[PDB]
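S.K.: In the deposited numbering, the protein residues as written are 188 to 284.
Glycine included, each C-beta is placed from N, C-alpha and C at the ideal position.
#1: Go ahead and label residue 196 buried or exposed: buried means 16 or more other beta carbons lie within 10 angstroms of its beta carbon, across all protein chains shown.
#2: Between residue 211 and the rest of its own chain, which residues show a CB-CB distance below 6 Å, the 5 nearest in sequence each way excluded?
#3: Could you check if residue 207 is buried or exposed, using at least 16 other CB atoms within 10 Å of its CB as the buried criterion?
#4: Could you check if residue 246 is buried or exposed, using at least 16 other CB atoms within 10 Å of its CB as the buried criterion?
#5: For residue 262, which residues from the same chain have a beta carbon less than 8 Å from its beta carbon, with the 5 sequence-adjacent residues on both sides left out?
#6: Cβ atoms of residue 248 and residue 230: under 9 Å apart, would you say?
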């Protein structure tokens, strides 16, 4: 089959957002070091703020393309697919973006 299921394909059809990446479905205990080491090989990040209390993380990918490939690869990966990531509209992209 070919569907979203628990993956945000609604996010893969988006663009036009540099450094703007929001993760809203992480496990408790997730640390930036993990996301860094995982996302930096395709997209180096300068700012990663994880609110484990709400299972959400705000990532800032310095290069626009770094965010693109990362946000496109995150949903395709077994670890990151567990998380809901999209291009953050505006800076307050946590619910209303």
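M.R.: Once the coordinates are examined:
#1: With fewer than 16 other Cβ atoms within 10 Å, it is exposed.
#2: 243, 271.
#3: Within 10 angstroms of the beta-carbon of residue 207 lie 16 or more other beta-carbons, which makes it buried.
#4: Residue 246 comes out buried.
#5: Taken in chain order, the residues that qualify are 194, 195, 196, 198, 199, 268, 272.
#6: Cβ distance < 9 Å, so residue 230 and residue 248 count as in contact.
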